[PDB]
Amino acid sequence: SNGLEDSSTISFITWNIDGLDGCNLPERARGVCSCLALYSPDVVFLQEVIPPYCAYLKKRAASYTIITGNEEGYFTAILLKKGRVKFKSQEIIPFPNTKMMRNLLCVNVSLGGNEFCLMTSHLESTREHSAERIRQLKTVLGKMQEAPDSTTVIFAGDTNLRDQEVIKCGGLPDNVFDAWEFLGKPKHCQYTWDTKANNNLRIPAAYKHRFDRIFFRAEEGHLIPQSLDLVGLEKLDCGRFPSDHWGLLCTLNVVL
């Protein structure tokens, strides 16, 4: 449980849970929920949620308030641990040129005696949509910069980024950091989508990417990543994983 000693921390998971794959979806949702029960994160950032998946989450993850990025199709969601996180508002920023109904979902909350703006997105998919993905990244980073200086901004989501693309933007702006980079680029959680290790898409080839990423903007030294680890690497009863992506579990300390 979250005691006094652990009160300066925020923990979260971000995970594209592949709700577009209808096969074995209820069992796979139960697998995601088992992971949430194991770690009891304060916040969960999800991508590729669909409406019946919301019902699975209400059943097996009932301690979370669910905020969604849309009502129909597939969309992102932010889950907030009841009793820990106080919800203040939700904002949705459009991506006017998306061809995949993507957008930027933000929720303003209070947690641990601190004000946060929590953001997620599922940026335009595939190599061929690089230009639009880069435009969306700019929208995300601009929104991170625009937040009031007092609030702690955390983005976590499925960026679909290739390393060359971040550079095409000129890189993360000066007060914005990537949690994996901050922690010294640890190899154990570098790749979040890996067709050698994960067979869910049935791709007969071996490719791996760091698609899922965490960005944060805080006043100097005020937000310090403590750990980053993969989740969802256990096969379920059906012999498949919860998703084609691995999830990321992150803890950060909010410091005076």
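The term rigid core refers to the maximal set of C-alpha atoms that superpose within 1.5 Å between the two forms. Residue indices: 1-based, along the sequence shown.
**Student:** Overlaying the structures in 6 other deposited structures of this protein on the rigid core, point out which of 183-191 and 200-208 has the bigger RMS C-alpha shift.
**Tutor:** Relative to the shown form, the greater RMS C-alpha distance in 6 other deposited structures of this protein belongs to 200-208.
**Student:** Do the Cα atoms of 163-171 or of 115-123 sit farther, on average, from the shown structure in 6 other deposited structures of this protein when the rigid core is superposed?
**Tutor:** Farther from the shown form on average in 6 other deposited structures of this protein: 163-171.
**Student:** For the other entries of this protein included in the comparison (both sides of the residue modelled), is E219 absent in a third of them or more?
**Tutor:** In at least a third of the comparable entries (those modelling both sides of it), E219 has no coordinates.
**Student:** So 167-175 or 180-188, which one's hotter by mean CA B-factor in the entry?
**Tutor:** It is 167-175 that shows the higher mean C-alpha B-factor.
**Student:** Test of understanding: from the entry's C-alpha B-factors, which stretch has the higher mean, 211-219 or 38-46?
**Tutor:** Result of the comparison: 211-219.
**Student:** Checking the entry, which one of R133, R102, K81, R162 has the top C-alpha B factor?
**Tutor:** Highest CA B-factor of the listed options: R162.
**Student:** Whose C-alpha has the highest temperature factor in the PDB entry: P225, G69, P204, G31?
**Tutor:** Highest C-alpha B-factor among the listed residues goes to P204.
**Student:** Splitting the chain's C-alpha B-factors into thirds, which one does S89 fall into?
**Tutor:** Tercile = middle for this residue's CA B-factor.
**Student:** Lowest, middle or highest third of the chain for the C-alpha temperature factor of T139?
**Tutor:** Middle third by C-alpha B-factor.
**Student:** Ranking every modelled residue in this chain by its Cα temperature factor as given in the entry, which third contains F155?
**Tutor:** CA B-factor rank for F155: lowest third.
**Student:** Using the B-factor values recorded in the entry, state whether the Cα atom of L256 falls in the lowest, middle or highest third among the modelled residues of its chain.
**Tutor:** Highest third of the chain for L256's C-alpha B-factor.
**Student:** What third of the chain, by the recorded C-alpha B-factor, contains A197?
**Tutor:** It falls in the middle third of the chain.
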